[PDB]
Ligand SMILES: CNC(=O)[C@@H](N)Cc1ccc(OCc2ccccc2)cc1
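Just one chain follows, in the form solved without the ligand, and it is written as structure tokens.
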């Protein structure tokens, strides 16, 4: 297809390794700095297939694939400032102000509304899996997206391990994932943003989080976080998946807040 590329079109500059086999590269023809994911086989090739169907300003854009013979490449745009978590921790808070925080939440929710619309599920939404470009542009990392009709559920493989503090209670107890477990994770992401990259449930060991969530314990409102934003967080953390808002509802709320904060 139009996506298929020659391996020799790209030269690798620097290895980037929390994301795995991921490199900074050069698309020589365009003098363009790119990101390259290299390599099981069938899972990797499906990743590439799904990414061909993703087209949104706030999801990392696929540029090309090398899938004919090993070693296999997935080539995407390069996000200059790296992951959002480290970006928030290291930022100038006078530059990355409250309105900027709303702007980033609006961008992420836009991408998630798109996935909700297009029957995709993320399953690993967190600040570490969002990427930052110039001028506070934020894009959701989309290399591990899966096909799932919005409303349907996925049952994780036996012995699966999750990032507990981002993981919805139905996922923790029953290994069940849906768009609503993404909504839960987004709530935790909101908290990460509001705190400029604090670790969620600070001091609480992961193995004790589920029992607390049962008892209706939730994280308290972060310092300086608007009540409207915290109410959205808490709506995302509703015990019953069906009681949580949709990303369409969430995006509309943030877009309104961002427009009002600008005016």
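Numbering follows the first chain given and starts at 1.
The same protein also exists as the form deposited with the ligand bound; that form is not shown, yet it is the one meant from here on.
*Asks:* Could you check which residue among 156, 173, 98, 149 gets a heavy atom within 4.5 Å of the ligand in the deposited bound form?
*Replies:* Selected option: 98.
*Asks:* Should residue 229 be counted as a contact of the ligand in the deposited bound form, where contact means heavy atoms within 4.5 Å?
*Replies:* Result yes; residue 229 sits at the interface with the ligand in the deposited bound form.
*Asks:* Does the ligand come within 4.5 Å of any heavy atom of residue 236 in the deposited bound form?
*Replies:* No.
*Asks:* May I ask you to state whether residue 164 is within 4.5 Å of the ligand in the deposited bound form, using heavy atom distances?
*Replies:* No, no contact at 4.5 Å.
*Asks:* Taking the ligand as it sits in the deposited bound form, is residue 108 in contact with it (heavy atom to heavy atom, 4.5 Å or less)?
*Replies:* Contact check for residue 108: no, nothing within 4.5 Å of the ligand in the deposited bound form.
*Asks:* Quick check: do 5, 12 and 66 each get a heavy atom within 4.5 Å of the ligand in the deposited bound form?
*Replies:* No, the whole trio is out of contact, none within 4.5 Å by any heavy atom.
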